[PDB]
Amino acid sequence: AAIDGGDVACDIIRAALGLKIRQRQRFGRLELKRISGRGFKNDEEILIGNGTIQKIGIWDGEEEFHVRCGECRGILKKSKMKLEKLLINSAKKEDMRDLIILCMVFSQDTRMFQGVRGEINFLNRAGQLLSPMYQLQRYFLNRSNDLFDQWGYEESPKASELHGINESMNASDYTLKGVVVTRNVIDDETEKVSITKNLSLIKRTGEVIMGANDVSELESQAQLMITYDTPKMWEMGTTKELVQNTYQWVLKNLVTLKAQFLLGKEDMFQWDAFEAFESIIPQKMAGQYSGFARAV
Amino acid sequence: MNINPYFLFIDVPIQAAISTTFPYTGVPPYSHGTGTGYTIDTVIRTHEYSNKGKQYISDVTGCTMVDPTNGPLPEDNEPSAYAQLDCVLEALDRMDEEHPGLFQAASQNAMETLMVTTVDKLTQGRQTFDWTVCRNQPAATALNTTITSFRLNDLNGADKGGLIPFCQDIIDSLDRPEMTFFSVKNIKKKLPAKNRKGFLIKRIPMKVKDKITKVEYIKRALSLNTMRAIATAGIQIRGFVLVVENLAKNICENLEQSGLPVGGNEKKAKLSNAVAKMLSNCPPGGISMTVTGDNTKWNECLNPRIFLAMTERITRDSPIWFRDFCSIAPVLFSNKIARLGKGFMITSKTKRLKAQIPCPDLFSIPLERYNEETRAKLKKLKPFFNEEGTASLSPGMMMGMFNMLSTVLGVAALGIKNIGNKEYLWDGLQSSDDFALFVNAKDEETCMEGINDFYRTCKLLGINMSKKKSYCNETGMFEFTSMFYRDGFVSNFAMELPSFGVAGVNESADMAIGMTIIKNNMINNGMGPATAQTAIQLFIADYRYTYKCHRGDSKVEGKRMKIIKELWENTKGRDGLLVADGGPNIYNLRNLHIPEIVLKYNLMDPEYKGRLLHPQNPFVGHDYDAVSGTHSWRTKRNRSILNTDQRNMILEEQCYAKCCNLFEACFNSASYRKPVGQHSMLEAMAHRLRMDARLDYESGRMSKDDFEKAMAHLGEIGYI
Amino acid sequence: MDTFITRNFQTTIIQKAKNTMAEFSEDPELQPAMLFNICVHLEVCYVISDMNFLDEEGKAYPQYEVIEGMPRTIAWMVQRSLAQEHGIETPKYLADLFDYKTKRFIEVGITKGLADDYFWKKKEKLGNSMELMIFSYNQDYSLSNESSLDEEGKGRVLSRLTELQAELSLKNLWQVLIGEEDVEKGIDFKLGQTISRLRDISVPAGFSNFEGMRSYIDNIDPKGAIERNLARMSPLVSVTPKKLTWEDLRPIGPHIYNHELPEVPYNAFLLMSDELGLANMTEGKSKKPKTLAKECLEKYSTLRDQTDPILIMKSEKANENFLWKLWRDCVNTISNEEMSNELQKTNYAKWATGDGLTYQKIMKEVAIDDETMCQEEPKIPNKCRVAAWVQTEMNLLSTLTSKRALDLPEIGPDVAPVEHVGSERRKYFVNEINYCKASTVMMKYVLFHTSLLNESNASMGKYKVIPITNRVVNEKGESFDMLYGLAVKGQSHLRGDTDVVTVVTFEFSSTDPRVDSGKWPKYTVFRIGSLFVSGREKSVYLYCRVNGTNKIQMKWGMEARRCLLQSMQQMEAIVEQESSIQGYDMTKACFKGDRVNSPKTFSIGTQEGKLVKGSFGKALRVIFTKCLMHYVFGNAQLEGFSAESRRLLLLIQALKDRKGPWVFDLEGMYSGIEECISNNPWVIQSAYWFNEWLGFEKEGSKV
């Protein structure tokens with residue numbers, strides 16, 4: 001609450017807890033803010049280069065977005081299967097690399113569909129198939145040269161501040177169609193949003209603003225020794241730490257455990273701590289371990 | 001259910017399935033014996049493929065010489081060593097034209113490196129054939145012996161320090177009428193040794209001076225001794241081959257076709273880039289074919305004269321002195337003499353006898369006494385045999401000594417790219433023994449016509465493609481130096497794996513060397529994460545076994561393990577203890593380049609940190625990265641014999657045996673009662689006898705008369 | 001030093017000098033003196049070429065072309081182009097500067113003493129083919145032509161070098177300043193008469209002296225020679241391309257199907273599938289092998305006290321009585337109280353291993369004189385047919401037993417995703433092959449070879465008794481100390497490491513050799529007693545065999561633990577290929593299966609002539625067993641056969657993927673492969689399996 005920080009996961013947690021978050025659509029590392037135009041969603045089948053058919057809800061209509069990703073800014077023009085014009089500013093190369101690739105993926109340009117060669121059967125952490133748009137997003141994020149080659153180039157505009165860029169973000173006359181650089185930097189206030197079961201943010205009218213797949217997978221170690229109390233997540237730590245935590249929990253409330261055990265019921269073997277501890281027990285021998293422990 | 005492992009290939013591509021078939025990249029112990037018979041066969045085959053050349057008698061060494069270059073072209077698919085000079089020169093011209101300013105720059109760089117280099121560089125090498133003793137010795141010892149002989153012969157090249165004066169002195173020593181040198185001679189023994197008689201016979205070496213005529217030294221310098229290298233060369237050749245190989249490496253580094261000195265994933269990048277480049281410029285609607293060619297008798301067909309021609313052509317615009325320096329190596333190789341090794345063994349079953357026939361006496365017995373194969377081999381080798389148990393061998397290359405130049409020649413062969421202006425373009429890669437050839441044409445018929453033209457061309461250059469070990473297939477899948485490429489995927493056939501045991505330096509040094517070896521294996525040979533982690537586990541197990549430093553909380557027992565357990569009990573930061581102290585190992589992939597001391601510093605006990613990193617501890621006293629602590633101890637490295645002259649003259653006097661006999665009784669009656677520490681043995685005997693007399697009198701073994709008599713005698717000794 | 005370099009010169013000059021000097025192919029760090037010299041030289045030549053300019057006619061208001069600093073290739077080609085365009089001789093040494101006015105290349109140098117001697121020696125080096133200007137720190141200048149440089153340039157260069165000289169001594173750097181001639185001390189190289197003669201006689205046919213060869217190489221234009229040589233070459237020199245087809249491939253080494261040839265014997269060092277460990281549960285302490293063997297024999301006292309042997313089978317040459325007496329001596333030594341494991345009854349040990357039958361070496365002169373001493377023919381390996389016991393070995397060694405013998409240390413916590421993937425792969429692999437009998441056999445093999453190697457530390461002239469022990473752990477957690485038999489190792493008086501030291505091994509077993517008489521033509525087997533497991537009597541035989549191995553073979557056996565890493569690498573390559581088909585890791589999916597995917601299944605073998613599938617775990621176990629057998633049954637035949645079957649398999653794969661493979665000399669490959677199928681059980685069974693799989697592929701490719 002105090003810090004106006006975070007990119008996506010913080011917003012999801014804030015909405016789950018009922019806090020104030022900024023209003024902006026996200027497509028992963030790319031956050032959007034519509035400025036003009038509107039579109040409708042229609043579900044239909046499309047053909048990809050690799051030659052597979054899968055239903056997609058495409059957005060049709062003239063749309064103008066305030067595309068941004070990381071530090072670089074810009075504006076996007078989107079219509080049915082076409083990336084009309086895209087403008088970007090100067091920043092670190094990878095910044096606009098990700099911005100522009102996500103812009104291709106979001107624009108649903110037919111060339112982006114034709115720019116897929118390998119299989120896109122990517123899985124998520126939960127093991128559930130990703131949505132087709134996010135599948136293409138991930139494939140092209142891991143595979144940037146293919147889409148850039150497939151898109152096709154054109155001549156850059158003759159304006160002083162407008163110049164093209166190559167695949168490696170090198171200024172050149174041959175520029176990605178509808179993509180240009182601009183030195184006229186575009187300038188970059190809170191509301192409440194509801195949440196659903198699948199950790200997806202939905203606005204007041206019902207449009208999805210931030211999904212559970214937009215969370216960057218950039219793992220890192222916190223600079224401060226954070227602490228948690230719930231045992232449901234102890235599994236994240238190493239096995240020795242899990243054992244230490246579960247045995248500390250058992251010992252501290254040992255009086256209650258003894259009191260319930262003397263009663264002879266079965267509700268005392270299902271504590272959250274025991275469920276967390278079960279994870280590190282091999283599956284094959286878990287039944288025998290439990291049977292022997294109960295018998296003894 | 002009868003298992004059939006090959007059935008795996010049904011469900012898995014063969015390129016992945018046969019990954020890492022041979023755990024060893026070196027040599028097995030059961031390989032066919034490389035003795036006198038094998039070297040005789042090698043020389044026989046080398047002379048067999050070139051027997052249609054010009055045969056003459058060397059006017060320097062007086063040995064048979066065979067020159068196949070510019071000889072008749074082959075009329076059969078059998079291996080041929082007849083490499084026309086014109087074709088090689090044209091190939092070099094084509095390479096130079098394609099890469100303008102390449103030969104000149106490479107030659108200039110090689111000559112500058114030679115100018116700035118030092119003789120010490122020769123010490124970085126495998127076993128070298130020392131001529132003074134005519135054996136295989138370490139590089140440093142061979143260099144030292146050669147330097148000493150040169151000094152005895154008024155040659156002081158090593159004094160100047162530079163390599164150029166050393167090689168100048170080598171070629172000058174090749175001109176002295178008589179060469180004097182040091183040698184080692186063994187003489188039997190007569191000194192005492194307690195087994196059952198206080199007498200044993202052994203061999204003791206001594207240094208002597210020996211002189212050899214000019215021709216003898218000339219023959220010795222060119223000799224190649226045998227110990228998959230087949231032979232080693234002495235010191236007279238090492239500098240020139242070093243310079244020539246440096247030149248060839250400089251040329252190769254800028255040759256996109258060359259597969260060397262690439263190492264690591266760069267090899268995979270080169271492979272994939274070559275495939276992509278060839279496919280990109282394929283004719284619209286044409287066909288691209290790939291040959292995983294292999295070369296049979298590669299080093300038994302290349303001629304040193306062709307290498308001399310290549311060196312002359314490359315250094316066409318260079319100082320004359322450097323041109324001669326580069327040429328000195330090929331001419332030395334063109335006169336190489338092979339040594340046949342130990343010899344044969346002949347036995348008589350009826351009388352249960354056996355004997356060893358050495359090489360000089362190879363023909364001293366009728367050929368009927370040798371088995372069929374040896375009989376035929378000696379019959380064929382008779383013309384190319386010398387009376388000193390050596391075989392003249394002009395052609396051939398006896399495995400790798402000009403590998404870089406071989407790669408340059410292969411690249412030259414691959415650079416023609418067309419013959420007759422037909423509708424095919426060829427290119428590819430080659431690394432000193434094996435080539436992958438990519439040919440683009442219209443139809444497979446024209447591709448195979450181009451492959452045939454390439455085969456004929458390489459035949460003209462002396463390179464013999466292996467028809468019995470080569471195949472062709474549509475481009476996209478092939479092999480190159482035990483590295484299978486298949487539509488992007490890449491696998492290895494043979495990968496070296498960590499060997500059992502620690503490096504053999506010390507605790508911290510061994511740990512650092514093991515971890516850096518694992519890291520290098522991952523980087524270069526492509527070891528997967530799981531394999532690397534398992535290698536870490538195995539290395540930790542071996543390390544703990546070797547150093548007896550099991551976990552502090554383990555239940556094992558040992559002399560060091562008691563103190564380890566006590567330290568583990570007394571320590572609070574148990575995660576910070578080093579593995580050598582029974583602590584927990586924390587090494588993993590992300591931290592394979594960090595010394596364990598640095599890793600665990602933040603977790604170590606401050607008292608433990610002080611004890612471990614004490615600035616003045618008695619263990620440390622006075623590549624890999626580690627920390628200098630109390631675990632960097634040094635082991636006693638002091639053996640052999642010193643004071644050789646004094647010990648030898650003492651042992652050759654007479655009375656040493658009596659001194660040993662008197663010493664033995666007294667100083668073996670007790671396990672250890674010696675006042676050691678430079679005490680004169682006579683002084684120690686005097687003290688021992690004084691104490692023995694004192695004890696005898698105290699216990700009553702001797703009367704006062706014997707006591708006083710003993711003290712008077714001991715008074716004469718001088719220590720009483 | 002380096003601080004002075006980076007402070008006294010602009011970054012561009014430092015970078016140019018560094019990248020130009022790094023081409024020497026040597027470490028640029030430990031030797032920075034030449035770096036300073038080259039930087040100073042670069043600065044001097046840059047200054048020299050910044051004041052004078054030319055025009056369409058040559059007005060002095062450029063004139064100096066810089067060659068140094070640029071890449072050596074580009075510099076050399078530029079110099080050659082300039083020489084060709086100006087019609088002047090090209091200096092053999094890369095000139096550091098060229099002049100447009102004099103139409104001559106020029107060189108510059110920096111010294112510390114008087115420049116006159118430096119100029120004279122440079123002139124001697126290069127003769128008169130190149131002009132030079134030289135400046136020295138001690139205010140000395142030398143010019144070949146006085147009309148080369150003007151006062152301004154000379155003054156500026158002198159001021160710069162004097163300032164550098166003054167500044168060097170301020171930080172104690174002038175003392176360690178090396179001169180300039182050192183890098184070019186060696187410029188005189190005169191060949192002696194002998195070496196000149198050797199060079200002259202080492203030219204290709206057609207030349208008399210090396211001067212002729214040098215002139216021919218430097219003058220003649222050989223363009224078009226390749227075509228001329230190829231035109232007259234006989235047509236018989238042709239690779240004979242031949243498109244490969246499925247029917248072209250045929251079974252390799254059909255002779256193995258010849259029933260006339262004998263079955264392949266069992267030549268492995270230790271019994272693998274027929275082992276019998278005398279289990280003896282222990283707390284887990286480490287004890288010397290002698291004590292462990294003593295306790296194990298005490299537990300099974302009946303076998304130890306067996307004195308009347310019921311001979312069951314005998315080797316062709318070995319003597320049963322001698323082997324039995326040696327075994328009795330070994331057990332007596334094991335059951336005694338002395339700490340040492342040294343045999344004291346050397347009689348039967350000496351007379352049983354044929355250690356007294358070795359021939360006596362005599363002087364070569366007598367052999368030369370003698371007429372009855374002749375070389376003996378080589379005992380080429382015999383030829384044997386398919387052995388049915390290798391299939392049973394492979395089948396049984398891939399099964400899951402009730403005990404495991406692997407306990408590896410721990411690793412640090414995993415953080416990076418690659419570490420997590422590797423840890424998951426390791427978990428699956430160990431879980432799959434923890435209890436596999438192959439792992440226990442491998443551990444027994446490596447432990448026995450390690451003990452054999454250790455015993456050779458100081459005891460070389462004495463017989464040593466060594467028990468074939470193993471430490472094993474079961475599912476319940478209780479750990480056992482198994483004894484698989486004993487082995488007495490003889491003496492190796494010779495200090496060589498590749499010298500055979502005869503060792504005779506007595507291993508227990510529960511399999512009656514009469515069932516497969518052809519499996520043991522080399523073993524001497526007795527019957528010691530009978531064990532009881534479930535109240536049922538099962539016999540125990542003692543396979544006694546003589547063997548010979550050297551120290552290097554001990555090292556090979558010790559390294560035989562590398563089969564674990566080999567199998568793990570093979571499995572990881574399979575997983576990496578599966579993941580490369582996709583873009584994400586395929587470990588859990590190919591092992592357990594995700595929602596999208598299914599548990600991958602591999603074709604394992606044959607059942608009643610029909611294909612059978614199995615889990616990835618079975619494939620991993622089969623891979624591990626195959627690797628272990630390859631290591632155990634390894635000889636030159638096996639490695640050669642594998643190396644050639646590599647090519648055959650690659651061609652088959654190319655055929656499978658519709659890549660249209662072509663073979664030039666197929667029969668050459670087939671002969672190369674069949675040259676190695678003589679008597680190795682593993683090679684013969686591999687050939688049989690390859691034929692079966694090739695038949696399956698042929699019959700399955702028609703669909």
# chains A, B, ... in the order shown; residues from 1 in each chain; ligands from 1

$ residues_around --residues "residue 120 in chain C" --least-positions-apart "4" --cutoff "12 Å" --atoms "only C-alpha atoms" --output "short mmCIF file (atom, residue, chain, number, x, y, z; two decimals) with C-alpha atoms, in the first residue's frame"
data_model
loop_
_atom_site.label_atom_id
_atom_site.label_comp_id
_atom_site.auth_asym_id
_atom_site.auth_seq_id
_atom_site.Cartn_x
_atom_site.Cartn_y
_atom_site.Cartn_z
CA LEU C 114 72.51 7.12 -29.84
CA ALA C 115 70.40 6.51 -32.94
CA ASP C 116 73.32 6.18 -35.38
CA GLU C 124 72.05 -3.76 -42.59
CA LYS C 125 68.85 -5.67 -41.81
CA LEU C 126 66.83 -4.13 -44.66
CA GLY C 127 69.76 -3.15 -46.89
CA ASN C 128 68.92 -0.07 -48.96
CA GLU C 131 64.24 4.65 -45.94
CA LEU C 132 64.14 5.33 -42.21
CA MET C 133 63.93 8.06 -39.60
CA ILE C 134 64.94 7.32 -36.01
CA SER C 142 68.84 10.26 -37.75
CA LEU C 143 67.35 10.58 -41.24
CA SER C 144 68.37 8.74 -44.40
#

$ closest_atom_pairs --of "chain C" --to "chain A" --cutoff "9 Å" --atoms "only C-alpha atoms" --output "Markdown table"
| residue | atom | partner | partner_atom | distance |
| --- | --- | --- | --- | --- |
| C:413 | CA | A:238 | CA | 7.2 |
| C:414 | CA | A:238 | CA | 8.9 |
| C:415 | CA | A:219 | CA | 8.6 |
| C:416 | CA | A:219 | CA | 8.1 |
| C:417 | CA | A:219 | CA | 8.8 |
| C:475 | CA | A:285 | CA | 8.9 |
| C:581 | CA | A:119 | CA | 7.5 |
| C:582 | CA | A:119 | CA | 5.8 |
| C:583 | CA | A:122 | CA | 7.3 |
| C:584 | CA | A:122 | CA | 6.6 |
| C:594 | CA | A:127 | CA | 6.5 |
| C:595 | CA | A:127 | CA | 6.5 |
| C:596 | CA | A:129 | CA | 7.0 |

$ select_by_dssp --residues "range 130-379 of chain C" --states "helix (DSSP H, G or I)" --output "ChimeraX atom specification"
/C:151-171,181-184,193-200,210-219,225-232,246-248,254-257,289-299,301-304,320-335,346-352,364-369

$ residues_around --residues "residue 377 in chain C" --least-positions-apart "4" --cutoff "10 Å" --atoms "only C-alpha atoms" --output "PDB file with N, CA and C atoms, in the first residue's frame"
ATOM      1  N   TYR B 370      61.031 -66.941 -38.320  1.00  0.00           N
ATOM      2  CA  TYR B 370      59.966 -66.005 -38.002  1.00  0.00           C
ATOM      3  C   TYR B 370      58.644 -66.523 -38.552  1.00  0.00           C
ATOM      4  N   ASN B 371      57.556 -66.191 -37.861  1.00  0.00           N
ATOM      5  CA  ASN B 371      56.239 -66.564 -38.352  1.00  0.00           C
ATOM      6  C   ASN B 371      55.989 -65.923 -39.720  1.00  0.00           C
ATOM      7  N   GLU B 372      54.892 -66.341 -40.354  1.00  0.00           N
ATOM      8  CA  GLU B 372      54.644 -65.955 -41.741  1.00  0.00           C
ATOM      9  C   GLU B 372      54.604 -64.440 -41.901  1.00  0.00           C
ATOM     10  N   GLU B 373      53.806 -63.759 -41.075  1.00  0.00           N
ATOM     11  CA  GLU B 373      53.634 -62.322 -41.254  1.00  0.00           C
ATOM     12  C   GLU B 373      54.943 -61.575 -41.027  1.00  0.00           C
ATOM     13  N   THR B 374      55.690 -61.939 -39.983  1.00  0.00           N
ATOM     14  CA  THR B 374      56.969 -61.281 -39.738  1.00  0.00           C
ATOM     15  C   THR B 374      57.970 -61.616 -40.831  1.00  0.00           C
TER      16      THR B 374
END

$ residues_around --residues "residue 173 in chain A" --least-positions-apart "3" --cutoff "10 Å" --atoms "only C-alpha atoms" --output "list in words"
residues 153, 154, 155, 156, 157, 158, 163, 164, 165, 166, 170 and 176 of chain A

$ atom_distance --atom1 "CA of residue 42 in chain A" --atom2 "CA of residue 59 in chain A"
6.5 Å

$ closest_residue --among "C:469, C:6, C:642, C:347" --to "chain B" --atoms "only C-alpha atoms"
C:642

$ residues_around --residues "range 169-186 of chain C" --least-positions-apart "3" --cutoff "10 Å" --atoms "only C-alpha atoms" --output "number ranges by chain"
B: 112-117, 160, 162-165, 168, 321; C: 1, 4, 32-34, 36-38, 109-113, 118, 121-122, 125, 164-166, 189

$ write_last_selection --atoms "N, CA, C and O atoms" --output "tab-separated table (two decimals), in the first residue's frame"
chain	number	residue	atom	x	y	z
B	112	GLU	N	57.28	-12.83	-36.24
B	112	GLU	CA	57.37	-11.97	-35.07
B	112	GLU	C	57.28	-12.79	-33.78
B	112	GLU	O	58.05	-12.56	-32.84
B	113	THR	N	56.35	-13.75	-33.73
B	113	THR	CA	56.25	-14.60	-32.56
B	113	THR	C	57.53	-15.39	-32.34
B	113	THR	O	58.00	-15.53	-31.21
B	114	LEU	N	58.12	-15.91	-33.42
B	114	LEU	CA	59.38	-16.62	-33.31
B	114	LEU	C	60.48	-15.70	-32.77
B	114	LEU	O	61.29	-16.11	-31.93
B	115	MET	N	60.52	-14.46	-33.25
B	115	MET	CA	61.52	-13.52	-32.78
B	115	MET	C	61.36	-13.26	-31.29
B	115	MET	O	62.36	-13.16	-30.56
B	116	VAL	N	60.12	-13.14	-30.81
B	116	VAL	CA	59.89	-12.80	-29.41
B	116	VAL	C	59.86	-14.02	-28.50
B	116	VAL	O	59.82	-13.86	-27.27
B	117	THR	N	59.88	-15.23	-29.04
B	117	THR	CA	59.76	-16.43	-28.22
B	117	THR	C	61.10	-16.76	-27.57
B	117	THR	O	62.13	-16.14	-27.83
B	160	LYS	N	72.16	-17.26	-25.00
B	160	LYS	CA	71.54	-16.04	-25.51
B	160	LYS	C	70.07	-15.95	-25.14
B	160	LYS	O	69.52	-14.84	-25.10
B	162	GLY	N	67.32	-16.65	-26.74
B	162	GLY	CA	66.39	-16.70	-27.84
B	162	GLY	C	66.31	-18.07	-28.49
B	162	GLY	O	67.21	-18.89	-28.38
B	163	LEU	N	65.19	-18.30	-29.17
B	163	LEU	CA	65.01	-19.56	-29.89
B	163	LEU	C	65.78	-19.57	-31.21
B	163	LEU	O	66.27	-20.63	-31.62
B	164	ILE	N	65.90	-18.42	-31.87
B	164	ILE	CA	66.66	-18.36	-33.12
B	164	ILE	C	68.11	-18.79	-32.91
B	164	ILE	O	68.61	-19.60	-33.70
B	165	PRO	N	68.84	-18.28	-31.92
B	165	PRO	CA	70.20	-18.79	-31.69
B	165	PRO	C	70.23	-20.27	-31.36
B	165	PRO	O	71.16	-20.97	-31.76
B	168	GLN	N	69.86	-22.03	-34.67
B	168	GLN	CA	71.10	-21.84	-35.40
B	168	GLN	C	72.18	-22.78	-34.88
B	168	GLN	O	72.91	-23.40	-35.66
B	321	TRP	N	65.85	-15.15	-44.48
B	321	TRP	CA	66.21	-15.92	-43.29
B	321	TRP	C	64.99	-16.62	-42.71
B	321	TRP	O	65.07	-17.78	-42.30
C	1	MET	N	52.75	0.02	-14.35
C	1	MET	CA	53.09	0.09	-15.80
C	1	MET	C	51.85	0.35	-16.64
C	1	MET	O	51.77	1.35	-17.35
C	4	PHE	N	50.41	3.74	-16.31
C	4	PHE	CA	51.10	4.72	-17.14
C	4	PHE	C	50.63	4.64	-18.58
C	4	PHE	O	50.45	5.66	-19.25
C	32	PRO	N	54.26	-6.30	-20.71
C	32	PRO	CA	53.74	-5.02	-21.20
C	32	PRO	C	54.79	-4.05	-21.71
C	32	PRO	O	54.43	-2.97	-22.19
C	33	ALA	N	56.08	-4.38	-21.62
C	33	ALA	CA	57.11	-3.46	-22.09
C	33	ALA	C	56.97	-3.21	-23.59
C	33	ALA	O	57.02	-2.06	-24.05
C	34	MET	N	56.79	-4.28	-24.37
C	34	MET	CA	56.60	-4.09	-25.80
C	34	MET	C	55.29	-3.35	-26.08
C	34	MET	O	55.18	-2.67	-27.10
C	36	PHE	N	54.22	-0.79	-24.28
C	36	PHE	CA	54.63	0.60	-24.19
C	36	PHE	C	55.43	1.03	-25.41
C	36	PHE	O	55.21	2.12	-25.96
C	37	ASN	N	56.35	0.18	-25.87
C	37	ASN	CA	57.14	0.52	-27.05
C	37	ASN	C	56.24	0.72	-28.27
C	37	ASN	O	56.41	1.68	-29.02
C	38	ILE	N	55.27	-0.18	-28.46
C	38	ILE	CA	54.40	-0.09	-29.62
C	38	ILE	C	53.49	1.13	-29.52
C	38	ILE	O	53.20	1.78	-30.52
C	109	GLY	N	61.54	4.22	-35.70
C	109	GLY	CA	61.96	3.48	-34.53
C	109	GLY	C	62.30	4.41	-33.38
C	109	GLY	O	62.60	5.59	-33.57
C	110	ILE	N	62.24	3.85	-32.17
C	110	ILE	CA	62.50	4.58	-30.94
C	110	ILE	C	63.55	3.81	-30.14
C	110	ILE	O	63.45	2.59	-29.99
C	111	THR	N	64.55	4.53	-29.64
C	111	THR	CA	65.62	3.91	-28.86
C	111	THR	C	65.88	4.68	-27.57
C	111	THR	O	65.11	5.58	-27.21
C	112	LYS	N	66.95	4.32	-26.87
C	112	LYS	CA	67.37	5.01	-25.66
C	112	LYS	C	68.76	5.61	-25.75
C	112	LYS	O	69.03	6.61	-25.08
C	113	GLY	N	69.65	5.02	-26.54
C	113	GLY	CA	70.98	5.55	-26.76
C	113	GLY	C	71.07	6.33	-28.06
C	113	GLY	O	70.08	6.83	-28.59
C	118	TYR	N	71.65	2.28	-34.24
C	118	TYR	CA	70.36	1.67	-34.53
C	118	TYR	C	70.02	1.81	-36.01
C	118	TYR	O	69.58	0.86	-36.66
C	121	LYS	N	72.32	-0.56	-38.11
C	121	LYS	CA	71.95	-1.97	-38.04
C	121	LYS	C	70.61	-2.23	-38.72
C	121	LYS	O	70.41	-3.28	-39.33
C	122	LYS	N	69.68	-1.27	-38.65
C	122	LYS	CA	68.44	-1.42	-39.42
C	122	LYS	C	68.72	-1.40	-40.92
C	122	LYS	O	68.10	-2.14	-41.68
C	125	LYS	N	69.96	-4.73	-41.78
C	125	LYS	CA	68.85	-5.67	-41.81
C	125	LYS	C	68.08	-5.57	-43.12
C	125	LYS	O	67.86	-6.57	-43.81
C	164	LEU	N	58.13	11.98	-22.13
C	164	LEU	CA	57.92	10.61	-21.69
C	164	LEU	C	59.11	10.09	-20.90
C	164	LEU	O	58.94	9.44	-19.86
C	165	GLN	N	60.33	10.37	-21.37
C	165	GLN	CA	61.52	9.94	-20.66
C	165	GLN	C	61.58	10.55	-19.26
C	165	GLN	O	61.88	9.86	-18.28
C	166	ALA	N	61.29	11.85	-19.16
C	166	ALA	CA	61.31	12.51	-17.86
C	166	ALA	C	60.26	11.93	-16.93
C	166	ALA	O	60.51	11.73	-15.73
C	189	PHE	N	70.48	-15.86	-39.94
C	189	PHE	CA	70.20	-17.30	-39.93
C	189	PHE	C	70.85	-17.91	-41.17
C	189	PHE	O	70.27	-17.89	-42.26

$ select_by_dssp --residues "range 205-443 of chain B" --states "strand (DSSP E or B)" --output "ChimeraX atom specification"
/B:205-213,223-225,232-233,258,287-291,294-295,337-339,343-348,353-358,385-386,390-392,424-431,434-441

$ residues_around --residues "residue 663 in chain C" --least-positions-apart "2" --cutoff "12 Å" --atoms "only C-alpha atoms" --output "ChimeraX atom specification"
/B:290-293,448,466-473 /C:239-245,248-249,647-648,650-652,654-655,660-661,665-670

$ residues_around --residues "residue 633 in chain C" --least-positions-apart "3" --cutoff "10 Å" --atoms "only C-alpha atoms" --output "number ranges by chain"
C: 266-269, 627-630, 637-638, 680-683

$ write_last_selection --atoms "C-alpha atoms" --output "CSV table (one decimal), in the first residue's frame"
chain,number,residue,atom,x,y,z
C,266,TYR,CA,32.2,-66.4,-20.3
C,267,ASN,CA,35.4,-64.3,-20.1
C,268,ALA,CA,34.2,-61.6,-17.7
C,269,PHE,CA,36.4,-61.1,-14.7
C,627,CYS,CA,26.9,-49.4,-20.8
C,628,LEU,CA,28.1,-51.6,-18.0
C,629,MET,CA,28.4,-54.6,-20.3
C,630,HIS,CA,30.2,-52.6,-22.8
C,637,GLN,CA,37.3,-55.9,-31.1
C,638,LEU,CA,34.4,-54.3,-29.3
C,680,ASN,CA,33.8,-61.3,-28.0
C,681,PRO,CA,30.4,-62.3,-26.5
C,682,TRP,CA,29.3,-58.7,-26.4
C,683,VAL,CA,30.2,-58.1,-30.1
